[PDB]
Amino acid sequence: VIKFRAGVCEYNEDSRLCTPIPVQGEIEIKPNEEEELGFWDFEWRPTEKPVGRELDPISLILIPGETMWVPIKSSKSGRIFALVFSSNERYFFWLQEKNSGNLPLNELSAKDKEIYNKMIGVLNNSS
């Protein structure tokens, strides 16, 4: 339903590591056609395989209140969407573009204000 461009990024967040390894993909937000629990899976879809990371293609359902939104997790590298999953495997994502969002880090994850609205709005919803 909502397509936006993104790639995968490092699993680790024990020591808050972030290293972009150039990679390509898509995220697509669907409110689940099946509507099993209505919760909004982000299924990522590969164009280049993960590397250097535990991450794997999946369709991962987002639980209201047990998934927190963090705008930035690593000062070392920006453009990182941080999706922290309580006991359901964390996943981190990176804006694949390197010609976009070279804006200084603030609420940056690709874009500042735009992403901040999107993420919160989704967690609250259920339908």
# chains A, B, ... in the order shown; residues from 1 in each chain; ligands from 1

call {"tool": "select_by_dssp", "arguments": {"residues": "range 5-124 of chain A", "states": "helix (DSSP H, G or I)", "output": "ChimeraX atom specification"}}
result
/A:113-124

call {"tool": "closest_atom_pairs", "arguments": {"of": "range 11-44 of chain A", "to": "range 83-90 of chain A", "cutoff": "9 Å", "atoms": "only C-alpha atoms", "output": "JSON lines"}}
result
{"residue": "A:11", "atom": "CA", "partner": "A:90", "partner_atom": "CA", "distance": 7.1}
{"residue": "A:12", "atom": "CA", "partner": "A:90", "partner_atom": "CA", "distance": 8.5}
{"residue": "A:13", "atom": "CA", "partner": "A:90", "partner_atom": "CA", "distance": 8.5}

call {"tool": "write_last_selection", "arguments": {"atoms": "C-alpha atoms", "output": "short mmCIF file (atom, residue, chain, number, x, y, z; two decimals), in the first residue's frame"}}
result
data_model
loop_
_atom_site.label_atom_id
_atom_site.label_comp_id
_atom_site.auth_asym_id
_atom_site.auth_seq_id
_atom_site.Cartn_x
_atom_site.Cartn_y
_atom_site.Cartn_z
CA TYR A 11 21.39 -6.30 13.49
CA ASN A 12 23.49 -5.27 16.38
CA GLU A 13 22.42 -2.64 18.87
#

call {"tool": "closest_residue", "arguments": {"among": "A:78, A:71, A:38, A:7", "to": "residue 55 in chain A", "atoms": "only C-alpha atoms"}}
result
A:7

call {"tool": "closest_residue", "arguments": {"among": "A:44, A:97, A:17, A:127", "to": "residue 32 in chain A", "atoms": "only C-alpha atoms"}}
result
A:127

call {"tool": "atom_distance", "arguments": {"atom1": "CA of residue 6 in chain A", "atom2": "CA of residue 94 in chain A"}}
result
6.0 Å

call {"tool": "closest_residue", "arguments": {"among": "A:23, A:122, A:110, A:105", "to": "residue 75 in chain A", "atoms": "only C-alpha atoms"}}
result
A:105

call {"tool": "closest_residue", "arguments": {"among": "A:10, A:69, A:121, A:91", "to": "residue 107 in chain A", "atoms": "only C-alpha atoms"}}
result
A:69

call {"tool": "atom_distance", "arguments": {"atom1": "CA of residue 18 in chain A", "atom2": "CA of residue 42 in chain A"}}
result
20.6 Å
